[PDB]
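Next up: a single chain in structure tokens, the form deposited in one PDB entry.
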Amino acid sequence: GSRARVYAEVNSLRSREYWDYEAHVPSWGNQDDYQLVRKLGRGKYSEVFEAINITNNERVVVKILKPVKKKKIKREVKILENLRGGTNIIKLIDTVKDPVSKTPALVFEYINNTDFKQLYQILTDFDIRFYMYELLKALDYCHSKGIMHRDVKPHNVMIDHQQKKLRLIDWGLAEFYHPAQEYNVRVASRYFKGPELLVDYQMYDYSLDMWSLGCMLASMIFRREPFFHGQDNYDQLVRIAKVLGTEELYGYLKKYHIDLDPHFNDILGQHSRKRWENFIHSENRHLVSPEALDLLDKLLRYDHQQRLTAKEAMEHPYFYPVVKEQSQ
């Protein structure tokens, strides 16, 4: 079972209405109470706008949802409601519909974000420890609430580097955890997909998010973004195996009785495990410490039951400087 023993059965300990999102009935307000100002982004499921609430002059973001199964809308809404007030989780302010088309939309707080491609080039050692610790709070919180995010990546982490604010965004792929449930493996961005997804192992858990977090930590301390840069889902596993090793992959597959797609026979090759110190050079040495490497080593592991939980990662010595400052 899940390494996060205290969080494994939580949803079974709550009321059915907590997780039964098919049965959830949202309360929809009127999008006419918001004035759209500028488009921020677009993707396959939504587009997002900066807006002003006309009744109180607050700046907000409006995410207008593209047509999908009503079930996926109910899921994202119920998850955000269950996460109300959670540490470093993007705040849902409202759930509205357009007054003529009835198209649903979600209203969030606005973050004065710095795009990660710019930000990651200027971060200090302390800054990386701080932002990673603040992201871990959000993952410990949502996992404690029985929810896997399933799309952790830099674009989904809003960072105001002037006010030192961080929010985890885009809960549209998130899902409730239940032991032994088979999940859809078509989640996460390619570069952040855990090995479990790449080998079609459906009985995954919260530890998927901890792989994606480790990929982020590696890209920050080593200044190589994304860290594992596959050309497609097959090549993604090859890129992982060139670092973690092929013999180590086969031991993982054997433990969980995982069958490997035969196409991998043509492309995996044979690769020794690399030492993490091999990634250090003059441009990143100031961001790497023994504590960083020990933490990373305990995140980027094939075996999803051996990866640290979010709380165990927060307890790691790498974050001692941040804990000291937050209590001083």
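Under this definition, the rigid core comprises the largest set of C-alpha atoms superposing within 1.5 Å between the forms. Only residues modelled in both forms are compared. Residue positions are given as counts along the sequence shown, with the first one as 1.
Note that the form deposited in another entry isn't included here; everything after this is about it.
Subject >> Listed options 117, 255, 84, 164; Cα moving by 2 angstroms or more between this form and the one not shown (core superposition) >> reply: The residue that shifts is 117.
Original post:
Taking the rigid core as the reference frame, is the Cα of residue 67 displaced by 2 Å or more between this form and the one not shown?
Top reply: It does, since the residue 67 C-alpha is displaced 2 Å or more between this form and the one not shown after the core fit.
**OP:** Work out whether the Cα atoms of residue 305 and residue 6 come closer together or move farther apart in the other form than they are in this form, the change being 3 angstroms or more.
**Re:** Nearer in the other form, by 3 Å or more.
**OP:** Tell me whether residue 68 and residue 199 end up closer or farther apart in the other form, going by their C-alpha atoms; the shift is 3 Å or more.
**Re:** Relative to this form, farther apart in the other form.
Original post:
Can you list the runs of 3 or more residues whose CA atoms move by 2 Å or more between this form and the one not shown, with the rigid core superposed?
Top reply: Segments displaced between this form and the one not shown after core fit: 1 to 6, 67 to 69, 115 to 121.
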